[PDB]
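Before any questions on binding or motion, here is one chain by itself as structure tokens, the form deposited in one PDB entry.
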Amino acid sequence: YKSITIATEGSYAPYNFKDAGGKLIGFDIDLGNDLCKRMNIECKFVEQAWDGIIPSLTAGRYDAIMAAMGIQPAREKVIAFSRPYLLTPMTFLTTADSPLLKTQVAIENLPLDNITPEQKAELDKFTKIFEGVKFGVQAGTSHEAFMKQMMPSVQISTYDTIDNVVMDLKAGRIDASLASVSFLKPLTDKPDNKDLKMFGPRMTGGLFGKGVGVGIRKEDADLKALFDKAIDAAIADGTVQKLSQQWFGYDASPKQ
């Protein structure tokens, strides 16, 4: 490898989005360029809609995916992943005036890898509270997968982009959403969004998988080996931590 093409969504701030000049910016872009410098490879970022981001990788339209993509078991059946470059729990989003905010959280950190009757009881409590509540999620996400598999009795609307989800929540067309803390914290930290609040347990594992990684074709074992060495070095020297604070306003970097 001398040169690779990396796909990103271009509409998932602060991971990947467009600046005032329409240039691709974000945590994914800065990290991607940093990892490619360590691998001594020419880096080109391209914009790709979330819908066909995985089949365009397997079809050879580009060489990698850096688009806030969770290393989830369903995706591992189709593509390979690098080592996680970011770890993030998942939580719920609603309006600041919502009665949903007064709900008691019995389990602050909820792992989904081996759901106990206690963990299931907490999941069922939230499922029953979310009955009658209109939920909105971006289509093709682990957020949609969680709602369909874990909370099927909850009415959900799916969207092309996360920006349309946020728009409809602020407009009052939906009552709640679900995304990672890495997306929801910088969003709710904005003075623009003081009318929006995070709530409920912070969930990890299960269908959400084990962090955010680089999507690579399964046959490209050498490119994965290069990315894994570059990510381990970027984590060790504190580059991931620095970019996490810069873009997310907190440290979401993994530990060695």
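In this text, residue numbers run from 1 along the sequence as written.
This protein has a second form, the form deposited in another entry, left out of what is shown; the following refers to that one.
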Where C-alphas switch from fitting one rigid part better to fitting the other between the shown form and the other one, the hinge among 167, 46, 209, 43 is 209
Since the Cα separation of residue 248 and residue 108 moves by 3 Å or more in the other entry, tell me which way: closer or farther than here.
closer
So the CA-CA distance for residue 235 and residue 108 moves by at least 3 angstroms in the other entry. Closer or farther than here?
closer
